[PDB]
Every structure is written in C-alpha cells, then in structure tokens.
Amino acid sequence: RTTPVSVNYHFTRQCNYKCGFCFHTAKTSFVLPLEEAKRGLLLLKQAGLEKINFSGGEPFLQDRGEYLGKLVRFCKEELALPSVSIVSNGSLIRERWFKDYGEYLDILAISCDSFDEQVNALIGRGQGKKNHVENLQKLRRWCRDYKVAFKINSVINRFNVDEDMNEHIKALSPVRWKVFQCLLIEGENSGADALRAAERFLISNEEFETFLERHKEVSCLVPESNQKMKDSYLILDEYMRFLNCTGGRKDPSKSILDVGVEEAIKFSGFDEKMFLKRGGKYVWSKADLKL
C-alpha cells in the first residue's frame, strides 16, 4: 500500500568527516555498480517515485563525484523525475560538477550545524582547513550561477543548542532549512556495535523547542524532532534495502533488486502520516520555484 513517493538512497557509507553523532556510519565499503543503481532507480520510478535524494555517507566521494553526477542526470533526464536532490557535507563539491551536472539537480542541501569554527571542531565537521562560512557562501553562489535551489540542514545538539543562526541562515537565502533534533540510532551512534556514540550530543525536546523559537523569523525553517524524523523517511541503504527504524535501529529489508519494490517496502516501517506532518511533500522541482 506504500507508494515510494520520496526516497533517500544512501548509496555509499564512506565519509571524509567525523561528526560525533553521525547516524549513518561507515559500516561497509559496498557501493552498487552504477548500472545496478540505475536498475533500482527505474524500479522505484515504475512504482511511483517522484523525488530521489542522494545521501550517505558523503555522496560526492564515489568516483570523485562522477557516480553521483551520472545518477543525478539519469534520474532527471532518463527517468524524468520531478525532483532530484542531494544532501552533502559540501567538502568535495567543485564548480566543474555544477557545469557538468547542475542543470539536472533540483536541490542541493549542505549540512551546516554551526557558523562557529570551535563548535564545528567539537562536532567533527572537517578539520578546519577550509574557511567554512566562505565555502558555504561559495557553494550558495554557484547554486545561483548554475540555477540550483539551495538548502541547508542543521543537527541541533549539545554544542550548538544555544547558537543564534538567524543572520547567517538569512544571508544564505535558502529555499529550505531543515532543523533536526540529534537522533540516536542503535548500531550507528548508540550501543556496543556502533562506530559512533551520540549520547553526549543529545538534547531534550524542551531544549530543541527553545532553538526553534529563537529562529521563528527564518521563513524557510522546517523542524524535525526525534518523533518527526525517525520513521518519516523511505531510506534505501547501499544494497538498496529499505531501512526500518521503528525498533530504534536501521533494520534492512531484502533488496529491491532481489524481491522488488512492493515486497521490500512492506518492511520499511515508513510512517506516511508523519512524512506529511513534517512537510515532506512540497514544491520540490526547481522549474516550479522562483530562483
């Protein structure tokens, strides 16, 4: 009964950053061959896909960004998907990629948890070599130049919960600013079998709400508490298995490449009502936006 309208494909678990709360960790080095990823994406389109978001891991890592670029163009041009988006740490994105693939990308989301360099060092977002605020503005201006909608994602955690980001976010003029409460996922950032330990990053719901109220002036803010975020996505892992988070883990279905979309998605644990409640359906085609 679940139509895969908007799906996240975490095609790699490799990353070049070390965020201490990371909930999608470097557990394998498996990435599908490009042709098999395309086959899976076609299956999703035949099942009703409208929006694909490429995630990870850091999606720009694979084949020096060309794997991601080829999938972006395939989805936009061959599948005719209404929306093709990416969530990225932004560290590896070069102007050449915009020249080659930007036409086909609706939305580029860059994760930015703080505009303070010491906070980003506490979190593990890079090694502070780049001027982070300038790099974000550089990507934002390339999104302007190459006509891609710009989005920012922030994880609200112990180290940025008191931060005032109003001016910095407005200066980047995003179409969408997703504000996530830091989320615990067993086997990723919690428990004995996890590469990360997010407990020391967590904040209460009350603290999260205080952050939201501080940023009411930002029109593009989309808030996601733990309850709004945990089960409200369709998440495909690097084997194109749906990850079910209803048990606090990322429990994989069988692969859509083996059993098909309809069989696998029955085990996704997707909460469609919450997907809608958090604003998961929106004007997501850049051709329908005013950039």
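Numbering starts at 1 and runs along the sequence shown.
The question of which stretch, 147 to 155 or 130 to 138, has the higher mean Cα B factor is settled in favour of 130 to 138. With 39 to 47 and 232 to 240 compared on mean CA B-factor from the PDB entry, the stretch scoring higher is 39 to 47. For the set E66, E224, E58, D258, the PDB entry puts the maximum C-alpha B factor at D258. Ranking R196, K216, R176, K170 by Cα temperature factor from the entry places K170 first. Residue-level temperature factors show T28 in the lowest third of its chain, judged at the C-alpha atom. When all modelled residues of the chain are sorted by CA temperature factor, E163 is found within the highest third. Sort the modelled residues of the chain by CA B factor and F74 lands in the middle third. Per the deposited record, the Cα B-factor of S253 falls in the highest third when ranked against the other modelled residues of its chain. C245: CA B factor lies in the middle third for its chain, per the PDB record.
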